[PDB]
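See below for final32.pdb, which holds PDB, C-alpha atoms and all ligand atoms.
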```pdb
MODEL        1
ATOM      1  CA  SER O   1     130.536  92.952  78.653  1.00  0.00           C
ATOM      2  CA  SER O   2     129.827  96.633  79.307  1.00  0.00           C
ATOM      3  CA  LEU O   3     131.125  97.601  82.750  1.00  0.00           C
ATOM      4  CA  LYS O   4     127.746  98.470  84.288  1.00  0.00           C
ATOM      5  CA  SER O   5     126.324  94.932  84.370  1.00  0.00           C
ATOM      6  CA  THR O   6     129.745  93.601  85.396  1.00  0.00           C
ATOM      7  CA  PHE O   7     130.058  96.044  88.310  1.00  0.00           C
ATOM      8  CA  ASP O   8     126.474  95.347  89.341  1.00  0.00           C
ATOM      9  CA  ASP O   9     127.144  91.626  89.836  1.00  0.00           C
ATOM     10  CA  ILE O  10     130.594  91.984  91.450  1.00  0.00           C
ATOM     11  CA  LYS O  11     129.025  94.334  93.988  1.00  0.00           C
ATOM     12  CA  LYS O  12     126.291  91.739  94.620  1.00  0.00           C
ATOM     13  CA  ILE O  13     128.949  89.030  95.049  1.00  0.00           C
ATOM     14  CA  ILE O  14     131.307  91.029  97.303  1.00  0.00           C
ATOM     15  CA  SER O  15     128.333  91.906  99.513  1.00  0.00           C
ATOM     16  CA  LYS O  16     127.342  88.220  99.654  1.00  0.00           C
ATOM     17  CA  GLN O  17     130.819  86.765 100.415  1.00  0.00           C
ATOM     18  CA  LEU O  18     131.884  89.411 102.982  1.00  0.00           C
ATOM     19  CA  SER O  19     128.461  90.365 104.424  1.00  0.00           C
ATOM     20  CA  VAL O  20     128.976  94.133 104.198  1.00  0.00           C
ATOM     21  CA  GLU O  21     126.315  96.541 102.908  1.00  0.00           C
ATOM     22  CA  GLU O  22     126.136  96.760  99.098  1.00  0.00           C
ATOM     23  CA  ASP O  23     126.193 100.567  99.153  1.00  0.00           C
ATOM     24  CA  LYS O  24     129.374 100.629 101.276  1.00  0.00           C
ATOM     25  CA  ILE O  25     131.191  99.013  98.339  1.00  0.00           C
ATOM     26  CA  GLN O  26     132.998 101.470  96.058  1.00  0.00           C
ATOM     27  CA  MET O  27     135.548 101.226  93.205  1.00  0.00           C
ATOM     28  CA  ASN O  28     138.410 102.106  95.531  1.00  0.00           C
ATOM     29  CA  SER O  29     137.345  99.775  98.377  1.00  0.00           C
ATOM     30  CA  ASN O  30     140.213  97.573  99.586  1.00  0.00           C
ATOM     31  CA  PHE O  31     139.213  93.957 100.227  1.00  0.00           C
ATOM     32  CA  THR O  32     141.410  93.365 103.286  1.00  0.00           C
ATOM     33  CA  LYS O  33     141.770  96.918 104.609  1.00  0.00           C
ATOM     34  CA  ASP O  34     138.331  98.487 104.067  1.00  0.00           C
ATOM     35  CA  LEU O  35     136.070  95.442 103.829  1.00  0.00           C
ATOM     36  CA  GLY O  36     137.796  93.197 106.385  1.00  0.00           C
ATOM     37  CA  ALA O  37     138.180  90.062 104.263  1.00  0.00           C
ATOM     38  CA  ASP O  38     140.356  87.380 105.848  1.00  0.00           C
ATOM     39  CA  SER O  39     142.407  84.609 104.175  1.00  0.00           C
ATOM     40  CA  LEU O  40     139.361  82.362 103.672  1.00  0.00           C
ATOM     41  CA  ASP O  41     137.040  85.160 102.531  1.00  0.00           C
ATOM     42  CA  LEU O  42     139.537  85.971  99.774  1.00  0.00           C
ATOM     43  CA  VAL O  43     139.632  82.362  98.550  1.00  0.00           C
ATOM     44  CA  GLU O  44     135.824  82.256  98.544  1.00  0.00           C
ATOM     45  CA  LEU O  45     135.609  85.615  96.730  1.00  0.00           C
ATOM     46  CA  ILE O  46     138.162  84.791  94.025  1.00  0.00           C
ATOM     47  CA  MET O  47     136.297  81.530  93.400  1.00  0.00           C
ATOM     48  CA  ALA O  48     132.886  83.226  93.366  1.00  0.00           C
ATOM     49  CA  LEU O  49     134.194  85.597  90.671  1.00  0.00           C
ATOM     50  CA  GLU O  50     135.727  82.645  88.807  1.00  0.00           C
ATOM     51  CA  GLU O  51     132.367  80.870  88.549  1.00  0.00           C
ATOM     52  CA  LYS O  52     130.149  83.854  87.693  1.00  0.00           C
ATOM     53  CA  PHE O  53     132.449  85.151  84.957  1.00  0.00           C
ATOM     54  CA  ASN O  54     133.933  81.726  84.143  1.00  0.00           C
ATOM     55  CA  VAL O  55     137.552  82.956  84.281  1.00  0.00           C
ATOM     56  CA  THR O  56     140.661  81.638  86.011  1.00  0.00           C
ATOM     57  CA  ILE O  57     142.535  83.923  88.413  1.00  0.00           C
ATOM     58  CA  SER O  58     146.015  82.448  88.859  1.00  0.00           C
ATOM     59  CA  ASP O  59     147.733  82.962  92.226  1.00  0.00           C
ATOM     60  CA  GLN O  60     150.131  85.320  90.419  1.00  0.00           C
ATOM     61  CA  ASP O  61     147.207  87.560  89.362  1.00  0.00           C
ATOM     62  CA  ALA O  62     145.458  87.396  92.754  1.00  0.00           C
ATOM     63  CA  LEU O  63     148.486  89.150  94.304  1.00  0.00           C
ATOM     64  CA  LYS O  64     147.577  92.287  92.345  1.00  0.00           C
ATOM     65  CA  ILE O  65     143.871  92.300  93.206  1.00  0.00           C
ATOM     66  CA  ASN O  66     143.642  94.617  96.203  1.00  0.00           C
ATOM     67  CA  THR O  67     140.583  96.706  95.298  1.00  0.00           C
ATOM     68  CA  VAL O  68     137.192  96.257  93.610  1.00  0.00           C
ATOM     69  CA  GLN O  69     138.510  98.190  90.606  1.00  0.00           C
ATOM     70  CA  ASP O  70     141.389  95.701  90.315  1.00  0.00           C
ATOM     71  CA  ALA O  71     138.798  92.926  90.331  1.00  0.00           C
ATOM     72  CA  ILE O  72     136.827  94.629  87.543  1.00  0.00           C
ATOM     73  CA  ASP O  73     139.872  95.645  85.487  1.00  0.00           C
ATOM     74  CA  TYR O  74     141.170  92.068  85.576  1.00  0.00           C
ATOM     75  CA  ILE O  75     137.850  90.363  84.796  1.00  0.00           C
ATOM     76  CA  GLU O  76     137.390  92.662  81.778  1.00  0.00           C
ATOM     77  CA  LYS O  77     140.920  92.047  80.493  1.00  0.00           C
ATOM     78  CA  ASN O  78     141.517  88.321  81.120  1.00  0.00           C
ATOM     79  CA  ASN O  79     138.113  87.072  79.934  1.00  0.00           C
ATOM     80  CA  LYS O  80     138.994  87.570  76.259  1.00  0.00           C
ATOM     81  CA  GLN O  81     142.223  85.763  75.285  1.00  0.00           C
TER      82      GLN O  81
ATOM     83  CA  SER A   1     162.233 104.656 116.995  1.00  0.00           C
ATOM     84  CA  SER A   2     161.839 107.947 115.125  1.00  0.00           C
ATOM     85  CA  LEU A   3     160.492 107.285 111.628  1.00  0.00           C
ATOM     86  CA  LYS A   4     163.531 108.568 109.715  1.00  0.00           C
ATOM     87  CA  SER A   5     165.951 105.800 110.733  1.00  0.00           C
ATOM     88  CA  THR A   6     163.144 103.245 110.384  1.00  0.00           C
ATOM     89  CA  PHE A   7     162.267 104.374 106.848  1.00  0.00           C
ATOM     90  CA  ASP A   8     165.944 104.484 105.919  1.00  0.00           C
ATOM     91  CA  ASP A   9     166.446 100.789 106.718  1.00  0.00           C
ATOM     92  CA  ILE A  10     163.137  99.542 105.259  1.00  0.00           C
ATOM     93  CA  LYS A  11     164.060 101.276 102.009  1.00  0.00           C
ATOM     94  CA  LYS A  12     167.475  99.565 102.128  1.00  0.00           C
ATOM     95  CA  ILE A  13     165.778  96.202 102.757  1.00  0.00           C
ATOM     96  CA  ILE A  14     163.050  96.539 100.096  1.00  0.00           C
ATOM     97  CA  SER A  15     165.736  97.484  97.568  1.00  0.00           C
ATOM     98  CA  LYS A  16     167.793  94.436  98.602  1.00  0.00           C
ATOM     99  CA  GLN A  17     164.956  91.840  98.548  1.00  0.00           C
ATOM    100  CA  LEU A  18     163.283  93.041  95.309  1.00  0.00           C
ATOM    101  CA  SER A  19     166.333  94.444  93.457  1.00  0.00           C
ATOM    102  CA  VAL A  20     164.701  97.736  92.451  1.00  0.00           C
ATOM    103  CA  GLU A  21     166.446 101.115  92.731  1.00  0.00           C
ATOM    104  CA  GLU A  22     166.352 102.624  96.240  1.00  0.00           C
ATOM    105  CA  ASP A  23     165.159 105.996  94.932  1.00  0.00           C
ATOM    106  CA  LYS A  24     162.221 104.396  93.078  1.00  0.00           C
ATOM    107  CA  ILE A  25     160.821 103.376  96.475  1.00  0.00           C
ATOM    108  CA  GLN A  26     158.244 105.787  97.907  1.00  0.00           C
ATOM    109  CA  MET A  27     155.740 105.747 100.809  1.00  0.00           C
ATOM    110  CA  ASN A  28     152.871 104.908  98.476  1.00  0.00           C
ATOM    111  CA  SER A  29     154.733 102.201  96.509  1.00  0.00           C
ATOM    112  CA  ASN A  30     152.725  98.970  96.247  1.00  0.00           C
ATOM    113  CA  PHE A  31     154.795  95.822  96.786  1.00  0.00           C
ATOM    114  CA  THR A  32     153.039  93.623  94.214  1.00  0.00           C
ATOM    115  CA  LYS A  33     151.700  96.257  91.812  1.00  0.00           C
ATOM    116  CA  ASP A  34     154.477  98.871  91.624  1.00  0.00           C
ATOM    117  CA  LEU A  35     157.532  96.903  92.737  1.00  0.00           C
ATOM    118  CA  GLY A  36     156.694  93.532  91.161  1.00  0.00           C
ATOM    119  CA  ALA A  37     157.157  91.312  94.217  1.00  0.00           C
ATOM    120  CA  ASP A  38     155.972  87.735  93.724  1.00  0.00           C
ATOM    121  CA  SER A  39     154.761  85.193  96.323  1.00  0.00           C
ATOM    122  CA  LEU A  40     158.310  84.263  97.381  1.00  0.00           C
ATOM    123  CA  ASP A  41     159.623  87.839  97.410  1.00  0.00           C
ATOM    124  CA  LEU A  42     156.856  88.728  99.870  1.00  0.00           C
ATOM    125  CA  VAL A  43     157.784  85.875 102.221  1.00  0.00           C
ATOM    126  CA  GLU A  44     161.443  86.923 102.063  1.00  0.00           C
ATOM    127  CA  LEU A  45     160.546  90.594 102.651  1.00  0.00           C
ATOM    128  CA  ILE A  46     158.219  89.985 105.606  1.00  0.00           C
ATOM    129  CA  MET A  47     160.941  87.832 107.175  1.00  0.00           C
ATOM    130  CA  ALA A  48     163.680  90.384 106.468  1.00  0.00           C
ATOM    131  CA  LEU A  49     161.582  93.005 108.293  1.00  0.00           C
ATOM    132  CA  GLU A  50     160.909  90.519 111.105  1.00  0.00           C
ATOM    133  CA  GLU A  51     164.629  90.024 111.759  1.00  0.00           C
ATOM    134  CA  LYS A  52     165.802  93.642 111.464  1.00  0.00           C
ATOM    135  CA  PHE A  53     163.079  95.017 113.733  1.00  0.00           C
ATOM    136  CA  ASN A  54     162.649  91.777 115.710  1.00  0.00           C
ATOM    137  CA  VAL A  55     158.841  91.746 115.362  1.00  0.00           C
ATOM    138  CA  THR A  56     156.365  89.063 114.330  1.00  0.00           C
ATOM    139  CA  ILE A  57     154.021  89.753 111.410  1.00  0.00           C
ATOM    140  CA  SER A  58     151.171  87.241 111.660  1.00  0.00           C
ATOM    141  CA  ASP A  59     149.557  86.073 108.406  1.00  0.00           C
ATOM    142  CA  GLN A  60     146.471  88.062 109.455  1.00  0.00           C
ATOM    143  CA  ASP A  61     148.529  91.293 109.558  1.00  0.00           C
ATOM    144  CA  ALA A  62     150.422  90.549 106.324  1.00  0.00           C
ATOM    145  CA  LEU A  63     147.092  90.699 104.442  1.00  0.00           C
ATOM    146  CA  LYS A  64     146.915  94.426 105.203  1.00  0.00           C
ATOM    147  CA  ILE A  65     150.487  95.264 104.194  1.00  0.00           C
ATOM    148  CA  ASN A  66     150.167  96.415 100.592  1.00  0.00           C
ATOM    149  CA  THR A  67     152.408  99.501 100.594  1.00  0.00           C
ATOM    150  CA  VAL A  68     155.684 100.673 102.156  1.00  0.00           C
ATOM    151  CA  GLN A  69     153.691 103.001 104.417  1.00  0.00           C
ATOM    152  CA  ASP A  70     151.681 100.007 105.664  1.00  0.00           C
ATOM    153  CA  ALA A  71     154.981  98.296 106.431  1.00  0.00           C
ATOM    154  CA  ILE A  72     156.202 101.332 108.392  1.00  0.00           C
ATOM    155  CA  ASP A  73     152.890 102.008 110.153  1.00  0.00           C
ATOM    156  CA  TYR A  74     152.730  98.388 111.319  1.00  0.00           C
ATOM    157  CA  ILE A  75     156.363  98.116 112.444  1.00  0.00           C
ATOM    158  CA  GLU A  76     155.954 101.309 114.504  1.00  0.00           C
ATOM    159  CA  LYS A  77     152.709 100.125 116.103  1.00  0.00           C
ATOM    160  CA  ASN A  78     153.290  96.404 116.775  1.00  0.00           C
ATOM    161  CA  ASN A  79     156.845  96.699 118.128  1.00  0.00           C
ATOM    162  CA  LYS A  80     155.664  98.096 121.472  1.00  0.00           C
ATOM    163  CA  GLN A  81     153.079  95.832 123.156  1.00  0.00           C
TER     164      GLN A  81
HETATM  165  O1  LIG H   1     144.563  84.093 105.511  1.00  0.00           O
HETATM  166  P1  LIG H   1     145.844  83.189 105.150  1.00  0.00           P
HETATM  167  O2  LIG H   1     147.179  83.850 105.409  1.00  0.00           O
HETATM  168  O3  LIG H   1     145.719  81.768 105.649  1.00  0.00           O
HETATM  169  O4  LIG H   1     145.824  83.033 103.548  1.00  0.00           O
HETATM  170  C1  LIG H   1     146.046  84.147 102.680  1.00  0.00           C
HETATM  171  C2  LIG H   1     146.214  83.676 101.239  1.00  0.00           C
HETATM  172  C3  LIG H   1     146.689  84.848 100.391  1.00  0.00           C
HETATM  173  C4  LIG H   1     147.244  82.554 101.220  1.00  0.00           C
HETATM  174  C5  LIG H   1     144.872  83.150 100.703  1.00  0.00           C
HETATM  175  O5  LIG H   1     143.848  84.151 100.848  1.00  0.00           O
HETATM  176  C6  LIG H   1     144.960  82.708  99.263  1.00  0.00           C
HETATM  177  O6  LIG H   1     145.917  82.067  98.844  1.00  0.00           O
HETATM  178  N1  LIG H   1     143.939  83.050  98.482  1.00  0.00           N
HETATM  179  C7  LIG H   1     143.903  82.700  97.075  1.00  0.00           C
HETATM  180  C8  LIG H   1     144.765  83.673  96.278  1.00  0.00           C
HETATM  181  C9  LIG H   1     144.705  85.040  96.923  1.00  0.00           C
HETATM  182  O7  LIG H   1     143.680  85.420  97.474  1.00  0.00           O
HETATM  183  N2  LIG H   1     145.813  85.775  96.855  1.00  0.00           N
HETATM  184  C10 LIG H   1     145.876  87.105  97.429  1.00  0.00           C
HETATM  185  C11 LIG H   1     147.259  87.464  97.947  1.00  0.00           C
HETATM  186  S1  LIG H   1     147.100  88.978  98.924  1.00  0.00           S
HETATM  187  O1  LIG H   2     152.932  83.644  95.349  1.00  0.00           O
HETATM  188  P1  LIG H   2     151.964  82.570  96.055  1.00  0.00           P
HETATM  189  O2  LIG H   2     150.508  82.676  95.662  1.00  0.00           O
HETATM  190  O3  LIG H   2     152.535  81.172  96.047  1.00  0.00           O
HETATM  191  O4  LIG H   2     151.946  82.967  97.614  1.00  0.00           O
HETATM  192  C1  LIG H   2     151.355  84.184  98.076  1.00  0.00           C
HETATM  193  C2  LIG H   2     151.261  84.188  99.598  1.00  0.00           C
HETATM  194  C3  LIG H   2     150.413  85.375 100.034  1.00  0.00           C
HETATM  195  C4  LIG H   2     150.615  82.882 100.041  1.00  0.00           C
HETATM  196  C5  LIG H   2     152.669  84.297 100.206  1.00  0.00           C
HETATM  197  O5  LIG H   2     153.352  85.452  99.685  1.00  0.00           O
HETATM  198  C6  LIG H   2     152.642  84.351 101.715  1.00  0.00           C
HETATM  199  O6  LIG H   2     151.901  83.629 102.371  1.00  0.00           O
HETATM  200  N1  LIG H   2     153.471  85.222 102.284  1.00  0.00           N
HETATM  201  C7  LIG H   2     153.537  85.385 103.723  1.00  0.00           C
HETATM  202  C8  LIG H   2     152.383  86.260 104.198  1.00  0.00           C
HETATM  203  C9  LIG H   2     152.064  87.289 103.135  1.00  0.00           C
HETATM  204  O7  LIG H   2     152.954  87.753 102.436  1.00  0.00           O
HETATM  205  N2  LIG H   2     150.784  87.636 103.014  1.00  0.00           N
HETATM  206  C10 LIG H   2     150.356  88.617 102.037  1.00  0.00           C
HETATM  207  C11 LIG H   2     148.958  88.353 101.502  1.00  0.00           C
HETATM  208  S1  LIG H   2     148.706  89.433 100.073  1.00  0.00           S
ENDMDL
END
```
Can you dump the structure from the file as structure tokens?
Amino acid sequence: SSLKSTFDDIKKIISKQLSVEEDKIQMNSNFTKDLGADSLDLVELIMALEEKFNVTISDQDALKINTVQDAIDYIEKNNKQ
Amino acid sequence: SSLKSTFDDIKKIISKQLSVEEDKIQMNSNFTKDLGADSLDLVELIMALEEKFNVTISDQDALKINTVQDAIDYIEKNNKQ
């Protein structure tokens, strides 16, 4: 998919799973440091992304997802084998 | 402690637990993204820091330790109650 639609939905998801304001979400926003996600929020987020984009984010790959950009970069790469 | 001695030892530890070159470690180095630490390397690192500086890094606080600077900033803050 073109990034625009992809970023639109991720933003909508992140704002739904963490209950922060949609417009306070930016490419460089850190999930744990800037958005205040805890252990359980992360699990819920990674799974929300896994269902919307129908991907699988292995625990190895989740270690490298710190920012929204990381989320987008991964989704775009590991959706097409 | 003054940061210099603290940074000296952390560098020595990170280089020991991850087997990367000491000089390739910088303040902004990401543990999982730049240094290639896996799940088990992280556990071993957090515990190595916990024994050298005799602190306790709760799982809540470990979520916010992405870079070497984060490691240093935390150690310096949460060592003096
Ligand atoms: O909050 P907590 O320490 O109980 O749990 C944190 C972890 C990283 C174990 C969970 O959030 C978890 O396993 N989530 C699924 C995979 C990740 O989110 N991994 C991110 C590692 S920073
Ligand atoms: O590599 P893995 O998914 O099996 O485990 C990753 C976690 C984050 C569960 C461990 O590295 C772990 O719990 N380590 C102790 C606390 C942390 O390192 N937390 C960092 C969260 S990114």
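Matched in the shown structure by the ChimeraX specification (/O :<10) & /A: residues 30, 31, 32, 33, 34, 36, 37, 38, 39, 59, 60, 61, 62, 63, 64, 65 and 66 of chain A.
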Residue contacts of residue 5 in chain O (12 Å, all atoms listed in the file) excluding same-chain residues fewer than 6 positions away, as a PDB file with C-alpha atoms, keeping the file's coordinate frame:
```pdb
ATOM      1  CA  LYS O  11     129.025  94.334  93.988  1.00  0.00           C
ATOM      2  CA  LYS O  12     126.291  91.739  94.620  1.00  0.00           C
ATOM      3  CA  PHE O  53     132.449  85.151  84.957  1.00  0.00           C
ATOM      4  CA  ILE O  72     136.827  94.629  87.543  1.00  0.00           C
ATOM      5  CA  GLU O  76     137.390  92.662  81.778  1.00  0.00           C
TER       6      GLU O  76
END
```
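Each of A:15, A:67, A:81, A:6 was compared to ligand LIG 2 (chain H) using all atoms listed in the file, and A:67 turns out to be the nearest.
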Practice task
Go through A:42, A:56, A:49, A:71 one by one, measure the shortest atom-to-atom distance of each to ligand LIG 1 (chain H) using only C-alpha atoms and all ligand atoms, and give the residue with the smallest value.
Solution key: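 Checking each candidate against ligand LIG 1 (chain H), we get A:42 as the closest.
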Exercise for the section: Name all residues at most 9 Å from residue 25 in chain A (count all atoms listed in the file; drop same-chain ones fewer than 3 positions away) and give them as a list in words. Expected result: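 The contact residues come out as residues 11, 14, 15, 20, 21, 22, 28, 29, 35 and 68 of chain A.
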For those residues, write C-alpha atoms to a file as a CSV table (one decimal), in the frame of the given file.
```csv
chain,number,residue,atom,x,y,z
A,11,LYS,CA,164.1,101.3,102.0
A,14,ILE,CA,163.0,96.5,100.1
A,15,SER,CA,165.7,97.5,97.6
A,20,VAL,CA,164.7,97.7,92.5
A,21,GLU,CA,166.4,101.1,92.7
A,22,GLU,CA,166.4,102.6,96.2
A,28,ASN,CA,152.9,104.9,98.5
A,29,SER,CA,154.7,102.2,96.5
A,35,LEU,CA,157.5,96.9,92.7
A,68,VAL,CA,155.7,100.7,102.2
```
Practice task
Determine the nearest neighbour of ligand LIG 1 (chain H) from the options O:50, O:18, O:58, O:1, counting all atoms listed in the file.
Solution key: O:58
Practice task
Would you work out the distance separating atom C5 of ligand LIG 1 (chain H) from CA of residue 51 in chain O, expressed in Å to one decimal?
Solution key: 17.6 Å
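Counting only C-alpha atoms, the residue from O:80, O:19, O:73, O:41 that sits nearest to residue 54 in chain O is O:80.
In this model, the gap between CA of residue 4 in chain A and atom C10 of ligand LIG 2 (chain H) comes to 25.1 Å.
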Practice task
State, in Å with one decimal place, the distance from CA of residue 48 in chain O to CA of residue 16 in chain O.
Solution key: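 We find that CA of residue 48 in chain O and CA of residue 16 in chain O lie 9.8 Å from each other.
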Exercise for the section: Between A:10, A:57, A:47, A:2, single out the one closest to ligand LIG 1 (chain H), counting all atoms listed in the file. Expected result: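 Looking at the shortest contact to ligand LIG 1 (chain H), the residue is A:57.
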Calculate, to one decimal in Å, the centre and edge lengths of the box along x, y and z of the file that holds all listed atoms of ligand LIG 1 (chain H) with 6 Å of margin on each side, and present them as AutoDock Vina command-line options.
```
--center_x 145.5 --center_y 85.4 --center_z 101.0 --size_x 15.6 --size_y 19.2 --size_z 21.4
```
Would it be fine to have range 10-81 of chain O, with C-alpha atoms, given as a JSON list (two decimals), in the first residue's frame?
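New file selection_27.json:
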```json
[["chain", "number", "residue", "atom", "x", "y", "z"],
["O", 10, "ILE", "CA", -1.74, 3.29, 12.28],
["O", 11, "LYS", "CA", -2.32, 6.76, 13.72],
["O", 12, "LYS", "CA", -5.99, 5.85, 14.30],
["O", 13, "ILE", "CA", -4.93, 2.59, 15.99],
["O", 14, "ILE", "CA", -2.17, 4.08, 18.19],
["O", 15, "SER", "CA", -4.63, 6.75, 19.34],
["O", 16, "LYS", "CA", -7.20, 4.04, 20.13],
["O", 17, "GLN", "CA", -4.88, 1.64, 22.03],
["O", 18, "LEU", "CA", -3.00, 4.30, 24.06],
["O", 19, "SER", "CA", -5.74, 6.97, 24.36],
["O", 20, "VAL", "CA", -3.54, 9.91, 23.36],
["O", 21, "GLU", "CA", -4.65, 12.63, 20.93],
["O", 22, "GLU", "CA", -4.31, 11.66, 17.25],
["O", 23, "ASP", "CA", -2.52, 14.91, 16.39],
["O", 24, "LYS", "CA", 0.09, 14.36, 19.13],
["O", 25, "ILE", "CA", 1.27, 11.30, 17.19],
["O", 26, "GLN", "CA", 4.23, 11.93, 14.88],
["O", 27, "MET", "CA", 6.67, 9.77, 12.86],
["O", 28, "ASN", "CA", 9.35, 10.12, 15.52],
["O", 29, "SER", "CA", 7.05, 9.47, 18.51],
["O", 30, "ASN", "CA", 8.44, 6.82, 20.86],
["O", 31, "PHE", "CA", 5.84, 4.34, 22.11],
["O", 32, "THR", "CA", 7.19, 3.94, 25.65],
["O", 33, "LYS", "CA", 8.99, 7.26, 26.12],
["O", 34, "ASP", "CA", 6.73, 9.82, 24.41],
["O", 35, "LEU", "CA", 3.36, 8.05, 24.38],
["O", 36, "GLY", "CA", 3.59, 6.26, 27.75],
["O", 37, "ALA", "CA", 2.72, 2.73, 26.60],
["O", 38, "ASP", "CA", 3.25, 0.07, 29.27],
["O", 39, "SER", "CA", 3.97, -3.67, 28.86],
["O", 40, "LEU", "CA", 0.31, -4.52, 28.20],
["O", 41, "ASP", "CA", -0.34, -1.56, 25.90],
["O", 42, "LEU", "CA", 2.53, -2.77, 23.70],
["O", 43, "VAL", "CA", 1.09, -6.29, 23.45],
["O", 44, "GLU", "CA", -2.32, -4.85, 22.56],
["O", 45, "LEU", "CA", -0.78, -2.47, 19.99],
["O", 46, "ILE", "CA", 1.38, -5.09, 18.26],
["O", 47, "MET", "CA", -1.69, -7.32, 18.02],
["O", 48, "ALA", "CA", -3.92, -4.51, 16.76],
["O", 49, "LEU", "CA", -1.40, -3.88, 13.96],
["O", 50, "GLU", "CA", -1.20, -7.63, 13.29],
["O", 51, "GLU", "CA", -4.95, -7.87, 12.68],
["O", 52, "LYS", "CA", -5.45, -4.70, 10.62],
["O", 53, "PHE", "CA", -2.54, -5.41, 8.28],
["O", 54, "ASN", "CA", -2.71, -9.20, 8.70],
["O", 55, "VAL", "CA", 1.03, -9.56, 9.40],
["O", 56, "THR", "CA", 2.99, -11.39, 12.08],
["O", 57, "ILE", "CA", 5.44, -9.41, 14.23],
["O", 58, "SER", "CA", 7.79, -11.93, 15.84],
["O", 59, "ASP", "CA", 9.19, -11.10, 19.29],
["O", 60, "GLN", "CA", 12.57, -10.63, 17.59],
["O", 61, "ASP", "CA", 11.13, -7.88, 15.36],
["O", 62, "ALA", "CA", 9.15, -6.21, 18.17],
["O", 63, "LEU", "CA", 12.46, -5.44, 19.92],
["O", 64, "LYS", "CA", 13.30, -3.02, 17.10],
["O", 65, "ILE", "CA", 9.94, -1.23, 17.02],
["O", 66, "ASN", "CA", 10.48, 1.81, 19.22],
["O", 67, "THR", "CA", 8.83, 4.54, 17.13],
["O", 68, "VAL", "CA", 5.81, 4.98, 14.85],
["O", 69, "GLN", "CA", 8.17, 5.13, 11.87],
["O", 70, "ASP", "CA", 9.61, 1.74, 12.88],
["O", 71, "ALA", "CA", 6.05, 0.42, 12.96],
["O", 72, "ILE", "CA", 5.38, 1.77, 9.45],
["O", 73, "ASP", "CA", 8.75, 0.75, 8.00],
["O", 74, "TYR", "CA", 8.26, -2.81, 9.26],
["O", 75, "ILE", "CA", 4.63, -3.18, 8.15],
["O", 76, "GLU", "CA", 5.59, -2.00, 4.64],
["O", 77, "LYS", "CA", 8.56, -4.37, 4.43],
["O", 78, "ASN", "CA", 7.32, -7.60, 6.06],
["O", 79, "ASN", "CA", 3.87, -7.68, 4.44],
["O", 80, "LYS", "CA", 5.26, -8.80, 1.07],
["O", 81, "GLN", "CA", 7.39, -11.96, 1.37]]
```
